[PDB]
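See below for the structure under consideration.
Lettering follows sequence order; numbering is per chain, from 1. Both ligands and their constituent atoms are indexed starting at 1 by order of listing.
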2 protein chains.
Amino acid sequence: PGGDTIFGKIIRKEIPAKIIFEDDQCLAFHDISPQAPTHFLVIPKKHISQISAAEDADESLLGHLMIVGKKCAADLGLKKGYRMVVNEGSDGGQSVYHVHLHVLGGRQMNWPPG
Amino acid sequence: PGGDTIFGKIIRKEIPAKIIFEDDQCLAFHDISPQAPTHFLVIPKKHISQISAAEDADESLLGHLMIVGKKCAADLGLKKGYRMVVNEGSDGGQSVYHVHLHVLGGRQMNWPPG
Ligand SMILES: CCNS(=O)(=O)OC[C@H]1O[C@@H](n2cnc3c(N)ncnc32)[C@H](O)[C@@H]1O
Ligand SMILES: CCNS(=O)(=O)OC[C@H]1O[C@@H](n2cnc3c(N)ncnc32)[C@H](O)[C@@H]1O
């Protein structure tokens with residue numbers, strides 16, 4: 001379970017993370033290289049290598065990632081808003097191949113988004 | 001139906017857009033101010049003002065937005081990947097209050113994502 005990436009070990013709790021939320025479907029923790037005052041990730045416990053590999057049945061799960069993201073943002077006091085990001089492949093900047101949702105806030109986010 | 005924002009009119013087809021996909025749940029069209037070679041949006045036909053206002057029942061719908069996004073990206077030939085973005089409120093850069101998913105590709109996306 002969890003797969004064989006950095007996030008797989010985090011899921012199996014082999015290596016700790018700053019976990020801020022956990023249910024039977026996903027886990028959320030602070031990003032080790034924050035790009036904003038608040039920057040955490042929300043990942044599914046199910047191993048999906050990347051958004052392009054997600055299937056139609058994974059819709060609820062993917063939406064669950066955003067719902068959890070809005071809740072955690074709320075717990076962390078992000079009243080002025082935030083930005084959610086999902087990277088896919090080389091051009092997307094994906095380096096860990098386990099789907100993850102970035103949630104950034106605590107400052108004005110710029111445009112373009114990279 | 002569709003709400004009363006710019007996207008509401010697009011949904012009701014009162015004002016045209018470069019529609020690239022449409023089903024009973026959502027619509028996808030090219031962004032009028034592209035930040036990358038390929039830059040389109042995926043929006044739900046249901047009016048949700050912003051991600052923070054989405055409810056638990058909207059999970060499948062939100063995930064559907066990403067599934068459609070990966071499909072459209074595929075149709076548009078984005079083999080090297082892409083980045084999906086959802087902005088929330090002031091800090092997120094949201095200016096149109098109807099949930100929308102940005103999908104950017106065609107070039108290397110940078111970090112931080114704004
Ligand atoms: C956007 C770049 N590429 S990425 O889209 O693949 O996102 C991966 C993110 O996970 C990260 N990461 C790697 N190891 C850990 C860890 N132990 N805890 C938290 N985050 C981690 C990086 O900080 C990075 O922001
Ligand atoms: C990221 C900034 N803020 S935003 O997160 O709110 O995204 C809104 C996006 O919808 C846009 N937009 C407004 N009118 C139209 C239209 N008729 N067709 C396509 N896109 C439109 C802008 O280009 C913008 O990129």
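No N or O atom of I15(A) sits closer than 3.5 Å to an N or O atom of ligand 1. Residue-to-ligand polar distances keep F29(B) apart from ligand 2: every N/O pair is separated by 3.5 Å or more. Between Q94(A) and ligand 1, not a single N/O pair is under 3.5 Å apart. At least one N or O atom of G93(A), backbone or side chain, sits closer than 3.5 Å to an N or O atom of ligand 1. For a threshold of 3.5 Å applied to N or O pairs, the pair formed by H102(A) and ligand 1 contains at least one separation below that value.
The aromatic ring centres of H100(B) and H102(B) sit less than 6.0 Å apart. Ring-centre distance between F7(B) and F29(B): below the 6.0 Å cut-off.
Shown here for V42(A) and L65(A), the closest heavy-atom pair between the two residues is CG1-O, 3.6 Å.
Here the heavy atom of the protein found nearest to atom 16 (C) of ligand 1 is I10(A) CD1, 3.9 Å. Ranking protein heavy atoms by distance to atom 14 (N) of ligand 1, first place goes to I6(A) CG2, 3.6 Å. In this structure, the protein non-hydrogen atom closest to atom 8 (C) of ligand 1 is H100(A) NE2, 3.2 Å. Looking from atom 6 (O) of ligand 1 to the surrounding protein, the closest heavy atom is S95(A) N, 2.8 Å. At the top of the distance list for atom 5 (O) of ligand 1, counting protein heavy atoms only, stands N87(A) ND2, 2.8 Å.
Annotation for ligand 2: atoms under 4.0 Å from non-hydrogen atoms of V96(B) are 6 (O). Near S33(B), with a cut-off below 4.0 Å to any heavy atom, the atoms of ligand 2 are 23 (O).
Under 4.0 angstrom from ligand 2, the non-hydrogen atoms of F7(B) all belong to its side chain. In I32(B), the parts holding a heavy atom less than 4.0 Å from any atom of ligand 2 are both the side chain and the backbone. Counting heavy atoms closer than 4.0 Å to ligand 1, residue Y97(A) contributes nothing at all.
The backbone N or O of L61(B) sits nowhere less than 3.5 Å from a side-chain atom of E59(B) that would complete a donor-acceptor pair. The main-chain N or O of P113(A) is found under 3.5 Å from a side-chain atom of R83(B) such that the two form a donor-acceptor pair.
Side-chain contact between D31(A) and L104(A): absent, with no pair of heavy atoms (C-beta onward) separated by less than 4.5 Å. Residues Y82(B) and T38(B) are not in side-chain contact: their nearest non-hydrogen atoms beyond the backbone lie 4.5 Å or more apart.
Between the choices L101(A), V85(A), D31(A), the shortest heavy-atom distance to atom 22 (C) of ligand 1 belongs to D31(A).
Hydrophobic clustering places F21(B) together with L62(A) (ILVMFWY residues linked when any side-chain heavy atoms are closer than 4.5 Å, directly or through intermediates). A continuous path of ILVMFWY side-chain contacts below 4.5 Å connects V68(B) to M84(A), so both sit in one hydrophobic cluster. Residues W111(B) and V86(A) do not share a hydrophobic cluster, clusters being chains of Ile/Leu/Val/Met/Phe/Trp/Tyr side chains in contact below 4.5 Å.
To the nearest 0.5 Å, the span separating CG on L78(A) from NZ on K80(A) amounts to 11.0 Å.
The closest approach between a heavy atom of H30(A) and any atom of ligand 1 is below 4.0 Å.
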